[PDB]
Structures are given as C-alpha cells and as structure tokens.
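# Analysis of the macromolecular model
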Amino acid sequence: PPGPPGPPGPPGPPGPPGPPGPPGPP
Amino acid sequence: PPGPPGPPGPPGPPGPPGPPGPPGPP
Amino acid sequence: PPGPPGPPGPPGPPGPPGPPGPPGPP
C-alpha cells in the first residue's frame, strides 16, 4: 500500500511592505 | 508493508502586507 | 516489497507580515 502523505511544507516568505504613511501635520 | 511517507509539501504563500508607515514630519 | 511513497504533504502556512511602509511625505 502507498505510504502516508508527507509533512506540511515550510512557511511562505514575508509579505510585501506596507504602504507609505500619512503626511505630517501643518 | 506500507511505503514511506511522501516528501514535504510546497512552501506556503507569502504573508500579508505590512502596516502603513509612520506619519511624515511637520 | 514496500508500497510506493505517499503523496507530497500539504502546503505550508502563509509567511509573516511584511515590514511597515516608509514614512509619509511632509
């Protein structure tokens, strides 16, 4: 009989950077 | 007997985007 | 003899969040 499924893969890499923040005040 | 387990699965997807950056200067 | 190897495992989990974005504009 076939053996069992393998273990989970590794985590993916980090996501992309966030957007720029809001401008400073006046 | 049963065969050996399969190999590891593929990497997961990339993570979510990071948060917006800090406010700009005054 | 032993049966064939199992199938590959499930995918890994999603990666961590990306880094913050850069500062806002003036």
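Conventions used here
- Residues numbered from 1 in each chain as written, not as in the entry; some residues may be left out.
- Chains lettered and ligands numbered in written order.
- Heavy atoms only, no water.
- Least-squares fit on C-alpha atoms.
- Contact = heavy atoms within 4.5 Å.
- Salt bridge = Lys/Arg side-chain N within 4 Å of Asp/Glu carboxyl O.
- Polar contact = N/O pair within 3.5 Å; in protein donor to acceptor, adjacent residues only side chain to side chain.
- Nonpolar A, V, L, I, M, F, W, Y, C, P; charged D, E, K, R; others polar.
- Buried area = accessible area lost by both parts, 1.4 Å probe.
- Buried < 20%, exposed > 50% of the residue type's maximum accessible area, 1.4 Å probe, protein only.

Per the PDB record, this model was obtained through X-ray crystallography at a reported resolution of 1.26 Å.

Between chain B and chain A, the superposition needs a rotation of 103° and an axial shift of 2.9 Å, giving an RMSD of 0.3 Å. Of the residues that chain B buries at the interface, 96% are likewise interface residues in chain A, meaning the two copies contact each other through the same surface.

Taken together, the contact pairs 24 residues of chain C with 24 residues of chain A. At the junction of chain C with chain A, the criterion picks out zero salt bridges. The tally of links between chain C and chain A comes to eight residue pairs in polar contact. Taken together, the residues that form the side of chain C that touches chain A break down as 16 nonpolar, eight polar and no charged.

Between chain B and chain A, the residue contacts involve 26 residues of the former and 25 residues of the latter. Buried area between chain B and chain A, summed over both chains or domains, comes out near 1,500 Å², and the portion from carbon and sulfur atoms is 57%. Between the two partners, chain B and chain A, sit zero salt bridges. The interface formed by chain B and chain A holds nine residue pairs in polar contact in total. Residues belonging to the side of chain B that touches chain A are distributed by class as follows: 18 nonpolar, eight polar and no charged.

Turning next to the environment of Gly9 of chain C. We classify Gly9 of chain C as buried; its relative accessible area is 11%. Once you skip the residues sitting within four places of it in the chain, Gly9 of chain C turns out to touch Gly6 and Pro7 of chain A together with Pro7, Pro8, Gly9 and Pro10 of chain B.

This part is about the environment of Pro8 of chain C. Classification of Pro8 of chain C as exposed rests on a relative accessible area of 52%. In sequence terms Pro8 of chain C and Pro23 of chain C are 15 residues apart; their C-alpha atoms lie 43 Å from each other.

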